[PDB]
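Colleague: This is the structure, below, for whatever I ask next.
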Amino acid sequence: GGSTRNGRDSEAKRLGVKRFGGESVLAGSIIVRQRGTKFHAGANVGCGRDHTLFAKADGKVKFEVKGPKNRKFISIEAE
Amino acid sequence: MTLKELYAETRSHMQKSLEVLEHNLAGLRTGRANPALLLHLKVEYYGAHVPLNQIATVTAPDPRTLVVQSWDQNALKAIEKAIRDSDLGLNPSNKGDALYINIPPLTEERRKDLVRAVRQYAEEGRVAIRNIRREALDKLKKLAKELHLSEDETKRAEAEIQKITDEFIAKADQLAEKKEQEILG
RNA sequence: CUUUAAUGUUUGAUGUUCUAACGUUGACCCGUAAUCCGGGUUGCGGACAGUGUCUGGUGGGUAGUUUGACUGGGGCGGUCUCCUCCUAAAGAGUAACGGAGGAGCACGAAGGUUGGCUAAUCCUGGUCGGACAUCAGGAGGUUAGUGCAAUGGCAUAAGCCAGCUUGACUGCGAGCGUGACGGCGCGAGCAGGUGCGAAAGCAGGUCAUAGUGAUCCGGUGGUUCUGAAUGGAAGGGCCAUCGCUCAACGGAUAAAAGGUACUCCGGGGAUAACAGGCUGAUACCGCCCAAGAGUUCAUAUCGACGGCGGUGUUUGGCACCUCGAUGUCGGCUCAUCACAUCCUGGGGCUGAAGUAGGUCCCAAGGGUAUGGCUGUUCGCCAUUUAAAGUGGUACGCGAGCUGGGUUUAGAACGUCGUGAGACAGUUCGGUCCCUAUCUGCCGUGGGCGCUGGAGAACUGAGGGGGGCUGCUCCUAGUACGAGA
RNA sequence: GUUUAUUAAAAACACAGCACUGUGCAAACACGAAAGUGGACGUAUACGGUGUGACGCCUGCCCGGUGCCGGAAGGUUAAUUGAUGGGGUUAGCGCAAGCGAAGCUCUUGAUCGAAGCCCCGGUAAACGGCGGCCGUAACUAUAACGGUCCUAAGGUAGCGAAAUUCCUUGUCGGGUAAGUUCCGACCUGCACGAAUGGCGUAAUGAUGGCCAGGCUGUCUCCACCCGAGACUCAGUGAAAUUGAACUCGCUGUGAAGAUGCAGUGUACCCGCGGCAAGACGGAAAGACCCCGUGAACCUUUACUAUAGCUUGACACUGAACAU
RNA sequence: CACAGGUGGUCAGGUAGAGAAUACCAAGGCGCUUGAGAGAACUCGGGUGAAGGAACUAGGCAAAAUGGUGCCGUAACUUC
RNA sequence: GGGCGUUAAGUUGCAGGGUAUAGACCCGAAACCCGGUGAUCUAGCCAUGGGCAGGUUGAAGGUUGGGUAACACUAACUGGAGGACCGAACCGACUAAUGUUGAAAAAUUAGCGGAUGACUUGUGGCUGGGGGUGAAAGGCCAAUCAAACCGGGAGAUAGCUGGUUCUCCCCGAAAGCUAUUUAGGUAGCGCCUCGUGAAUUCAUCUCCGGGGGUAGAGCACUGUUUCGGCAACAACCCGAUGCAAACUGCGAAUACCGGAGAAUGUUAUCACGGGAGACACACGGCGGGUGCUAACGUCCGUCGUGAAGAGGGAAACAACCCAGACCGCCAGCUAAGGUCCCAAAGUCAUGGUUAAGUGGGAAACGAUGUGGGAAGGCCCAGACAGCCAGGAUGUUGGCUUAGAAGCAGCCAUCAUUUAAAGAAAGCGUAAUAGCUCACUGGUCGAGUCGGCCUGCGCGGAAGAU
RNA sequence: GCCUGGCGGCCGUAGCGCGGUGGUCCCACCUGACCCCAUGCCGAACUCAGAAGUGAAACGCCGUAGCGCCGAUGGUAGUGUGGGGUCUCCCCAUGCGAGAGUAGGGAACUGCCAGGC
Ligand SMILES: [Mg+2]
Ligand SMILES: [Mg+2]
Ligand SMILES: [Mg+2]
Ligand SMILES: [Mg+2]
Ligand SMILES: [Mg+2]
Ligand SMILES: [Mg+2]
Ligand SMILES: [Mg+2]
Ligand SMILES: [Mg+2]
Ligand SMILES: [Mg+2]
Ligand SMILES: [Mg+2]
Ligand SMILES: [Mg+2]
Ligand SMILES: [Mg+2]
Ligand SMILES: [Mg+2]
Ligand SMILES: [Mg+2]
Ligand SMILES: [Mg+2]
Ligand SMILES: [Mg+2]
Ligand SMILES: [Mg+2]
Ligand SMILES: [Mg+2]
Ligand SMILES: [Mg+2]
Ligand SMILES: [Mg+2]
Ligand SMILES: [Mg+2]
Ligand SMILES: [Mg+2]
Ligand SMILES: [Mg+2]
Ligand SMILES: [Mg+2]
Ligand SMILES: [Mg+2]
Ligand SMILES: [Mg+2]
Ligand SMILES: [Mg+2]
Ligand SMILES: [Mg+2]
Ligand SMILES: [Mg+2]
Ligand SMILES: [Mg+2]
Ligand SMILES: [Mg+2]
Ligand SMILES: [Mg+2]
Ligand SMILES: [Mg+2]
Ligand SMILES: [Mg+2]
Ligand SMILES: [Mg+2]
Ligand SMILES: [Mg+2]
Ligand SMILES: [Mg+2]
Ligand SMILES: [Mg+2]
Ligand SMILES: [Mg+2]
Ligand SMILES: [Mg+2]
Ligand SMILES: [Mg+2]
Ligand SMILES: [Mg+2]
Ligand SMILES: [Mg+2]
Ligand SMILES: [Mg+2]
Ligand SMILES: [Mg+2]
Ligand SMILES: [Mg+2]
Ligand SMILES: [Mg+2]
Ligand SMILES: [Mg+2]
Ligand SMILES: [Mg+2]
Ligand SMILES: [Mg+2]
Ligand SMILES: [Mg+2]
Ligand SMILES: [Mg+2]
Ligand SMILES: [Mg+2]
Ligand SMILES: [Mg+2]
């Protein structure tokens, strides 16, 4: 009849909510299909092809909101 | 072209054929007790045989008489002489806006012809319907193959077809039964 | 030597003639007072036929097998892998034969970088320019655009234009995410070499998420890895790469359709058919509002548009009970209960003169048709009756009867199929078991007990049986009525 | 006449008759690895195979598809022969790079190649097929009749609501008080039709359907009677079944239809003759239905093979000649 | 099974009869290896049934009926 | 740099757990293959013997007469044909009943078909299993046949069914995910058990740090939706009102993730290794898809119970309420639930409701049932009910209609007279008439009316042992 | 401290509209343009050399609340644990407690460097 089918898992979300151990480069947020949902900021950046919030140097996670027009923005200060 | 669109076609065509039978039945001098026979009678007025639909008026005071309530104070004479040129060809009187046309019972000879006829038209209609139903089913098969219907969906559609068919068959029966119950009364 | 010959000679292609292999189921002779067989002679045929090995065709004649799963029983229909949204209860993830769409690619630029740009739409004013081109302004503000679905995203634009380019580079990879696994994804940074830029810096393909096939068996290029005595070589390994709508998309084979009512086995009430059960949408019965018809008049009788229930009772849904068997429909025989009562009984209203009706209330005592057609139930029809009730009882009743319908095996028709066969089509034919232990009924005895033992006659707690009704007459041809 | 010994006797098989087709005799064909044998001590007025099934009048159109028959010019094609090119090795050549003869090898396949298939023609008493939209009419109508589009060609005679018609108890007539059956018609043949024969047909039939006279206990509606059981006594003496029984009704409950649970009603203990409503009574691990990567036999243009039939090459297999 | 089944050939009296049918007998052989009572429902096999006469039933199932010799006489149709 | 390694003791027996090859826990197919035994039954055929009471019909041919040119032809008689007729034996098997643990593993009884023929019968023979024979049913081939019987391969295979035997102690599941010619089977993961390691690992509560777009709400957006406003029928826009799983300019509870802390918890946690079983779940609560917000329905998320848990409660009732059974007791307190009798505990206390057996089944709607409460209108300038009387004129309003005069229907519904008086509320007439009504005046003497907030009852309420 | 420019914090009670306003300091326009460089046409923009002029435009200020925007207290919806009635809905205890709307707020605030008074 047509109605059916559907994508698979495709997790994508926050895997490093707030401050964490934040190793050399965990994930902090793999919510692909975004740029504004989560913006690359601070010691963390990367933002791979699949819009995955990288996360560089070890430390804690912040989860902020700066710059004109909301804009979440994530980063990882020292701990 | 869908199952429903098919059912509709069935109802329509079968309705047409019923109508055919309908006025076909009316096209018979019955006990003429009702205006179902005069309902047509055109009233030639204003250079046009304009039927009583927008010209004169008539009705049956009782089962044994009708009255030509001519709207025009001169049309009263129209329908009068108009009583002819038809299976009527009668000679009513002339009193007031409405004429008068008695309504008695016919002879046994016509009793024969009229009976054999009544039931005749009845069958004629039935047959027409059968053929129609048949076709309805053919189309149904085509749908089955097209709409990729399932044995259950197709058989269901078949049952429905039959339903519509029978209904009309009944209509024909009843109608024939009334025109008859009277013309045979 | 190079074209065309002539003889020669060879060697193939045919085709003729021959005899001498080989055939002879022609004739005769001997073994032999055998039709076998063998030898001999003669005739016919003759390198043919035929046979062996090899080989192309043909080959259900025979043989071995295949002919998927999901599925609100199975089948039919549909589906099977991947991407997007909702379902999904604000982490991840979640099911349905749930609600809606897409993919099996496309790009040498539609990739990289540097530099620059920013819409849709409306208003107004402008040659041909009008709904809608191009132009000027103003308003407007991601409503545009995005190679293709949907979601998220995008102005520092990923959206648009151009210059120059090849980072759609090679080797690696801290650390993560996501999978049962195979595996898939993100990835800063390092080494070598690129490109673009003045430079910081950016680039390991495209805004991202679909655009896909494991293994095996092999093909190709490279390599001094290995190479069966040694040197090579074949082959093998390693690196790069090619070949599968294996799409039933974790891919059983390189190679696979059906029939069975001629059937068979191992299992299931995990799973259909019958009947029970849950449910009551549907069905049937009832009530609510009251526009209308009823001349007048909603509610005597009926009732539009819509509304609320009751029963278990139709059509259905579910698959809980039986598949180590609960015999189907109708008839017969015998029933028993309900009341939504067909007749008879008692009433209210009446569009109830009477006689007859209509509708509602009460009432289950009793009663409630014979035939023609068909297997029917039912139904139509004939003719009766006071009436020919509706329903529950495994659609009551086969360890009680029938076996006409209906599912075995025979056969034929129409129809479908190449065909075996097939049909919720038809047609002619076609085995119906049980000695009753228990309950329960119908009868009938034997014990004991009723407080001394007997023969009788009762009382009557209770229980059962029966409960139908026509017609005629008298009242009275009166009441009533215009009469009839 | 024959048939499912043991639920089918028939409309089924057979039949005489008809037709097609194969077979020249060491026949075709069949049993058989073969020898041999049947066919037949027969020989085309014979024998085998196939279909139709006395007889009467008959047996239409289609050869596109499959099969069979003939052609076989051309295209494609087996084994066979093996051209030709390539490679491995190595004598020699060379300080080396590489090049490399001959031989041996591995590979490559020119070329030669029959039937078959394609192709050309035929063939239906061979397997088979015999029209769709719908074309133009007394109110509408309706579209049997038949235009047009396409077929290999579009059902001729005869028959038709039939052993074939779904709607269906079609419609009409007959028979009956009343007839879904029956008989005679109509034709709208879902979906007859000419040897998987069409329509008829005297006679025949334990054949299907319908009707009538006779006849009756078939029935209304059962009554009496004669015998064999049943019942009683004496002798002999089974069966299936069976977890255990101190084996009641109802209403509800409950794995959803209760002798056994709850409530309640009832009921002194035990036989004998009868009856079958229940013990989802007894009997057979349901035969229907589904399932198992179960079985069997059967079918076919499923797959893979194979006997048989058939092709060519080499061998047994030789001598000449013409081209 | 001391089983109402199956089993080939031969013989062939009397009366009646077409007859190896049939009924009664001859020669001959038997009463069938549980008996005795009773005189129930019901089952089995029979006999007779008022009036009706297929109303039965899926269906005249089963019953009842017909039944010989001679003579008279006999339709459609017909392959005579 | 990264992978795999590197200061892990191995090894050989003995006992046990598991696995592999074997029949591999035991019993069981339908079947497949190999070699033999069977034509004393039956099916065909071959050879040689036997049988068919009686009764009927009467073909061909022939003779004679007629007839013909001769033939045809004809008629008597003679003759004796036939898958010919009736009917015993003999063969067969259409119907019914009875038998059905039979007299009998197909018969008995009464009928029935053939009975000189494709007939029937005795003896012996010949065809053998994928084979035979078959007037064809898959029929028959020794009570066996869609492939005989016997022995063997053989303990075929059986992801299926059943069955699995002594005692005590401890722990204790799953009925899911993902693959699967897979779906009632398996395998990895998950959950159980056992061993060995290791940390304040893990849990609860508190506090701290997080992302969230669900509930809800809202309507800028995407759609949908009305009502008004500026459109030779209407969108756009504006204001007012709603709706949304695939709407969001807002937004919880809360779950989840991380950090710190105390207490408690026989380590509850993680890792590795020996043994598993289990991948049919069911009901109830909550959030949902689907279904009819039907089902003891179905598909998910999550929690609880049954499964795998007895005891008490709900009459009886796996799942619901309470509550987790080591054992013994003729001892106490309680939970859920109860305290008139069956039946343990109050005919308990105070105050109020109900009067229907409501309690002890059921809706829209209907009603002066009844308890309570806030309030409003009329009222001795007489309310309220009853009683007397009144209720007119233009006008029969206009139209319409046969007629429509208050009263079929449409429009209008004013004015005059007044204490009051509708161009009229119902009945009624053909239309008028006539009757009653609104209303008003008097009589009457003290209350009256219906709305609302709330408690309990009544009708609506028909089924089968 | 007044004014201005550059760079940021924070991002609507920081914005929009409307009115007023500032100048040869700074900025803005502005002049000139062969050239540096630039126009898929234009010195418009970028780019360069710089008067004359003016704050007109823009920009920056100031005022103004019409349109945004922020926004309670209270009540309402929902909801976690416990309990209760119940036709799919709701009630009670107790924690958490919106959205909208109302009151009201509101014409940003702020740091570093530089240049003018
Ligand atoms: Mg086969
Ligand atoms: Mg095999
Ligand atoms: Mg399946
Ligand atoms: Mg989620
Ligand atoms: Mg313009
Ligand atoms: Mg893309
Ligand atoms: Mg798969
Ligand atoms: Mg058969
Ligand atoms: Mg079975
Ligand atoms: Mg079940
Ligand atoms: Mg059922
Ligand atoms: Mg049951
Ligand atoms: Mg009643
Ligand atoms: Mg009847
Ligand atoms: Mg029944
Ligand atoms: Mg019986
Ligand atoms: Mg039958
Ligand atoms: Mg058959
Ligand atoms: Mg016969
Ligand atoms: Mg038989
Ligand atoms: Mg028989
Ligand atoms: Mg035939
Ligand atoms: Mg023909
Ligand atoms: Mg009759
Ligand atoms: Mg007929
Ligand atoms: Mg035919
Ligand atoms: Mg025939
Ligand atoms: Mg006895
Ligand atoms: Mg005895
Ligand atoms: Mg019960
Ligand atoms: Mg009995
Ligand atoms: Mg039983
Ligand atoms: Mg079974
Ligand atoms: Mg004896
Ligand atoms: Mg009698
Ligand atoms: Mg009868
Ligand atoms: Mg009868
Ligand atoms: Mg009889
Ligand atoms: Mg008799
Ligand atoms: Mg004979
Ligand atoms: Mg005879
Ligand atoms: Mg013999
Ligand atoms: Mg046998
Ligand atoms: Mg073996
Ligand atoms: Mg075995
Ligand atoms: Mg697979
Ligand atoms: Mg909501
Ligand atoms: Mg959640
Ligand atoms: Mg499973
Ligand atoms: Mg499961
Ligand atoms: Mg579940
Ligand atoms: Mg359930
Ligand atoms: Mg279990
Ligand atoms: Mg009650």
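Starting from 1 in every chain, residues are counted up; chains themselves are A, B, ... following the order of the structure tokens, and ligands are numbered from 1 as listed.
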Residues of chain A near chain G: apply a cut-off of 10 Å, count only C-alpha atoms (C1' of nucleotides), and supply the list as a ChimeraX atom specification.
Modeller: /A:66-70
Colleague: Among range 7-152 of chain B, which residues does DSSP mark as helix (DSSP H, G or I) when it is run on the backbone? Keep the chain and numbering as in the structure and answer as a PyMOL selection string.
Modeller: chain B and resi 7-26+75-82+108-146+151-152
Colleague: May I ask you to write as a list in words all residues lying at most 12 Å from ligand 19, with only C-alpha atoms (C1' of nucleotides) and all ligand atoms counted?
Modeller: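 So, counting only C-alpha atoms (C1' of nucleotides) and all ligand atoms, the residues near ligand 19 are residues 1, 2, 9, 10, 204, 205, 206 and 207 of chain D; 83, 92, 94, 113 and 114 of chain F.
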Colleague: Find the nearest atom pair between each residue of chain F and ligand 45 for residues within 10 Å, count only C-alpha atoms (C1' of nucleotides) and all ligand atoms, give distances in Å to one decimal, sort rows by chain and ascending number, and present the table as a tab-separated table.
Modeller:
residue	atom	partner	partner_atom_place_in_ligand_line	distance
F:23	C1'	ligand 45	1 (Mg)	9.2
F:27	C1'	ligand 45	1 (Mg)	8.6
F:28	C1'	ligand 45	1 (Mg)	6.9
F:29	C1'	ligand 45	1 (Mg)	8.2
F:154	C1'	ligand 45	1 (Mg)	8.1
F:155	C1'	ligand 45	1 (Mg)	6.1
F:156	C1'	ligand 45	1 (Mg)	7.3
F:157	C1'	ligand 45	1 (Mg)	8.2
F:158	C1'	ligand 45	1 (Mg)	8.6
Colleague: Can you work out which residues are within 10 Å of ligand 2, considering only C-alpha atoms (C1' of nucleotides) and all ligand atoms, and then hand them over as a ChimeraX atom specification?
Modeller: /C:64-65 /F:32
Colleague: Distance limit 8 Å, atoms considered: only C-alpha atoms (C1' of nucleotides). Which chain A residues sit that close to chain C? Return them as a PyMOL selection string.
Modeller: chain A and resi 1+3+6-7+9+11+13-14+23-27+30+32-36+46+48-52+54+56
Colleague: How about saving the chosen residues, N, CA, C and O atoms kept, as a compact mmCIF listing (two decimals), in the first residue's frame?
Modeller:
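The result, stored in out22.txt:
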# COMPACT_ATOMS: atom_id res chain seq x y z
N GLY A 1 0.83 -1.24 0.00
CA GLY A 1 0.00 0.00 0.00
C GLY A 1 0.84 1.26 0.00
O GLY A 1 0.33 2.36 -0.22
N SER A 3 2.58 2.86 2.57
CA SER A 3 2.93 3.22 3.94
C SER A 3 3.74 2.14 4.65
O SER A 3 3.29 1.00 4.79
N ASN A 6 11.30 2.96 7.08
CA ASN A 6 11.78 3.90 8.09
C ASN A 6 13.28 3.71 8.30
O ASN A 6 13.81 2.61 8.13
N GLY A 7 13.97 4.80 8.66
CA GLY A 7 15.40 4.72 8.88
C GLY A 7 15.74 3.86 10.08
O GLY A 7 14.84 3.46 10.83
N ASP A 9 18.60 3.07 13.50
CA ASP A 9 18.96 3.78 14.72
C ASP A 9 19.27 5.26 14.54
O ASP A 9 18.44 6.11 14.85
N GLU A 11 21.48 7.35 16.13
CA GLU A 11 21.41 7.95 17.46
C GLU A 11 21.40 9.47 17.39
O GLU A 11 20.34 10.09 17.41
N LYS A 13 22.86 12.76 19.31
CA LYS A 13 22.35 13.49 20.47
C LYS A 13 23.51 13.91 21.38
O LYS A 13 24.66 13.98 20.94
N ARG A 14 23.21 14.19 22.64
CA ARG A 14 24.23 14.60 23.60
C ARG A 14 24.77 13.38 24.32
O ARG A 14 24.04 12.69 25.03
N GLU A 23 37.72 13.41 27.27
CA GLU A 23 39.05 12.95 26.91
C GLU A 23 39.58 13.77 25.74
O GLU A 23 39.03 14.82 25.42
N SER A 24 40.64 13.28 25.11
CA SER A 24 41.26 13.97 23.98
C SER A 24 40.24 14.44 22.94
O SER A 24 40.48 15.42 22.23
N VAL A 25 39.11 13.75 22.86
CA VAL A 25 38.07 14.11 21.91
C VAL A 25 36.90 13.13 21.94
O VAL A 25 36.71 12.33 21.02
N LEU A 26 36.11 13.19 23.01
CA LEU A 26 34.95 12.31 23.14
C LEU A 26 33.98 12.59 22.01
O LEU A 26 34.21 12.20 20.86
N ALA A 27 32.88 13.27 22.33
CA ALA A 27 31.87 13.61 21.34
C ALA A 27 31.11 14.85 21.80
O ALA A 27 30.90 15.79 21.02
N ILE A 30 26.75 14.44 19.12
CA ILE A 30 26.83 13.96 17.75
C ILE A 30 25.54 14.24 16.99
O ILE A 30 25.26 13.62 15.97
N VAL A 32 24.01 15.18 14.54
CA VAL A 32 24.27 15.56 13.16
C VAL A 32 23.09 16.37 12.63
O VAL A 32 22.14 16.63 13.36
N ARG A 33 23.16 16.75 11.36
CA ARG A 33 22.12 17.55 10.70
C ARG A 33 21.89 18.85 11.46
O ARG A 33 20.75 19.25 11.71
N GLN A 34 22.98 19.51 11.82
CA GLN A 34 22.96 20.75 12.57
C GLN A 34 24.22 21.60 12.48
O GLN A 34 25.24 21.18 11.95
N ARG A 35 24.12 22.81 13.02
CA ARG A 35 25.24 23.74 13.07
C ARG A 35 24.83 24.69 14.19
O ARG A 35 25.63 25.06 15.04
N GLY A 36 23.55 25.05 14.17
CA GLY A 36 22.99 25.94 15.16
C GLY A 36 22.47 25.21 16.38
O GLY A 36 22.46 25.76 17.48
N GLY A 46 36.25 21.33 15.86
CA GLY A 46 36.13 20.24 14.92
C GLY A 46 34.87 20.32 14.08
O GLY A 46 34.90 20.83 12.96
N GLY A 48 32.95 17.83 12.67
CA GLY A 48 33.19 17.03 11.48
C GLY A 48 32.12 17.13 10.42
O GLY A 48 31.06 17.73 10.63
N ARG A 49 32.40 16.55 9.26
CA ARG A 49 31.48 16.57 8.13
C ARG A 49 30.04 16.40 8.58
O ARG A 49 29.18 17.22 8.26
N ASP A 50 29.78 15.34 9.34
CA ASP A 50 28.43 15.07 9.83
C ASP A 50 28.05 15.98 11.01
O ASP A 50 27.40 15.54 11.95
N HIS A 51 28.47 17.24 10.93
CA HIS A 51 28.16 18.23 11.95
C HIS A 51 28.28 17.70 13.38
O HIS A 51 27.47 18.03 14.24
N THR A 52 29.30 16.88 13.63
CA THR A 52 29.50 16.32 14.97
C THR A 52 30.42 17.20 15.81
O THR A 52 31.60 17.35 15.50
N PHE A 54 32.99 18.13 17.64
CA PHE A 54 34.27 17.52 17.98
C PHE A 54 34.57 17.40 19.47
O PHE A 54 34.14 16.44 20.12
N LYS A 56 38.08 19.13 21.52
CA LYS A 56 39.53 18.94 21.61
C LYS A 56 40.03 18.66 23.03
O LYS A 56 39.44 17.87 23.77
Colleague: Please identify every residue of chain F that has at least one atom no more than 7 Å from any atom of chain A, counting only C-alpha atoms (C1' of nucleotides), and report them as a PDB file with C-alpha atoms (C1' of nucleotides), in the first residue's frame.
Modeller:
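In the end it all went to out-v2.pdb:
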ATOM      1  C1'   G F 209      26.169  21.164  36.653  1.00  0.00           C
ATOM      2  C1'   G F 210      23.672  19.784  32.021  1.00  0.00           C
ATOM      3  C1'   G F 211      20.917  19.113  27.069  1.00  0.00           C
ATOM      4  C1'   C F 257      23.813  11.919  32.075  1.00  0.00           C
ATOM      5  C1'   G F 258      28.043  13.873  35.000  1.00  0.00           C
TER       6        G F 258
END
Colleague: Would you mind listing the residues within 9 Å of ligand 29, counting only C-alpha atoms (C1' of nucleotides) and all ligand atoms, as a PyMOL selection string?
Modeller: chain D and resi 233-235
Colleague: Take the residues just selected and output them with C-alpha atoms (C1' of nucleotides) as a PDB file, in the first residue's frame.
Modeller:
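What ended up in out_38.pdb:
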ATOM      1  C1'   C D 233     -35.107 -71.082  36.731  1.00  0.00           C
ATOM      2  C1'   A D 234     -31.066 -74.667  36.138  1.00  0.00           C
ATOM      3  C1'   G D 235     -25.727 -75.503  33.513  1.00  0.00           C
TER       4        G D 235
END
Colleague: Which chains and residue numbers are within 12 Å of ligand 8, counting only C-alpha atoms (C1' of nucleotides) and all ligand atoms, if I want them as a PyMOL selection string?
Modeller: (chain C and resi 260-263+408-411+420-421) or (chain D and resi 4+8+12+298) or (chain F and resi 136-139+146)
Colleague: Any chance you can output those residues with C-alpha atoms (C1' of nucleotides) as a PDB file, in the first residue's frame?
Modeller:
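The file below, part34.pdb, is the result:
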ATOM      1  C1'   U C 260      -2.909 -35.136  -5.287  1.00  0.00           C
ATOM      2  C1'   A C 261     -10.199 -35.863  -3.970  1.00  0.00           C
ATOM      3  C1'   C C 262      -5.131 -42.035  -4.930  1.00  0.00           C
ATOM      4  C1'   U C 263      -2.632 -40.169  -1.025  1.00  0.00           C
ATOM      5  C1'   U C 408     -13.475 -39.439  -0.253  1.00  0.00           C
ATOM      6  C1'   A C 409     -12.427 -42.750  -3.928  1.00  0.00           C
ATOM      7  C1'   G C 410     -16.111 -43.881 -10.214  1.00  0.00           C
ATOM      8  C1'   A C 411     -17.946 -40.804 -14.320  1.00  0.00           C
ATOM      9  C1'   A C 420      -1.256 -33.859 -13.794  1.00  0.00           C
ATOM     10  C1'   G C 421      -5.438 -31.784 -12.392  1.00  0.00           C
TER      11        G C 421
ATOM     12  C1'   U D   4     -13.748 -50.252  -8.671  1.00  0.00           C
ATOM     13  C1'   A D   8     -19.612 -46.399  -7.320  1.00  0.00           C
ATOM     14  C1'   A D  12     -17.718 -45.013 -17.534  1.00  0.00           C
ATOM     15  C1'   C D 298       1.792 -38.007 -10.926  1.00  0.00           C
TER      16        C D 298
ATOM     17  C1'   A F 136      -9.087 -49.143 -17.866  1.00  0.00           C
ATOM     18  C1'   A F 137     -11.227 -48.838 -11.659  1.00  0.00           C
ATOM     19  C1'   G F 138      -4.785 -47.591 -10.284  1.00  0.00           C
ATOM     20  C1'   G F 139      -8.148 -52.278 -10.766  1.00  0.00           C
ATOM     21  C1'   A F 146      -0.193 -44.456  -6.364  1.00  0.00           C
TER      22        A F 146
END
Colleague: Return the neighbours of chain A among the residues of chain B, cut-off 12 Å, counting only C-alpha atoms, as a list in words.
Modeller: residues 147, 148 and 149 of chain B
Colleague: Generate a file of the selected residues that holds C-alpha atoms, formatted as an mmCIF file, in the first residue's frame.
Modeller:
data_model
loop_
_atom_site.group_PDB
_atom_site.id
_atom_site.type_symbol
_atom_site.label_atom_id
_atom_site.label_comp_id
_atom_site.auth_asym_id
_atom_site.auth_seq_id
_atom_site.Cartn_x
_atom_site.Cartn_y
_atom_site.Cartn_z
ATOM 1 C CA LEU B 147 -6.020 -2.308 -8.856
ATOM 2 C CA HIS B 148 -4.198 -5.499 -7.835
ATOM 3 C CA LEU B 149 -7.208 -6.496 -5.739
#
Colleague: For range 248-265 of chain D, work out the shell of residues within 7 Å, counting only C-alpha atoms (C1' of nucleotides) and skipping chain neighbours fewer than 3 positions away, then give it as number ranges by chain.
Modeller: C: 276-277, 320-321; F: 315-317
Colleague: Of the candidates G:77, G:42, G:28, G:36, which one gets nearest to residue 58 in chain G if we count only C-alpha atoms (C1' of nucleotides)?
Modeller: G:28
Colleague: I need the contact residues of chain B against chain D, so if you could list those with any atom within 9 Å, counting only C-alpha atoms (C1' of nucleotides), and return them as a PyMOL selection string, that would help.
Modeller: chain B and resi 16-17+19-20+23-24+27+120+123+126-128+130-131+133-134+162+165-166
Colleague: List every residue of chain A that DSSP, applied to the backbone of this structure, assigns to strand (DSSP E or B), and report them as JSON, numbers by chain.
Modeller: {"A": [40, 46, 53, 74]}
Colleague: Nearest to chain B: which of F:402, F:8, F:446, F:141 is it, counting only C-alpha atoms (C1' of nucleotides)?
Modeller: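 Once distances to chain B are computed over only C-alpha atoms (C1' of nucleotides), the minimum belongs to F:402.
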Colleague: Could the residues that lie within 10 Å of ligand 50, counting only C-alpha atoms (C1' of nucleotides) and all ligand atoms, be listed as number ranges by chain?
Modeller: F: 175-176, 183, 279-281
Colleague: Excluding residue 135 in chain D and residues on its chain fewer than 3 positions from it, collect all residues at most 10 Å away from it, counting only C-alpha atoms (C1' of nucleotides), and give them as a ChimeraX atom specification.
Modeller: /D:143,146-148
Colleague: Which value, in Å to one decimal, gives the distance between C1' of residue 40 in chain F and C1' of residue 5 in chain E?
Modeller: 19.2 Å
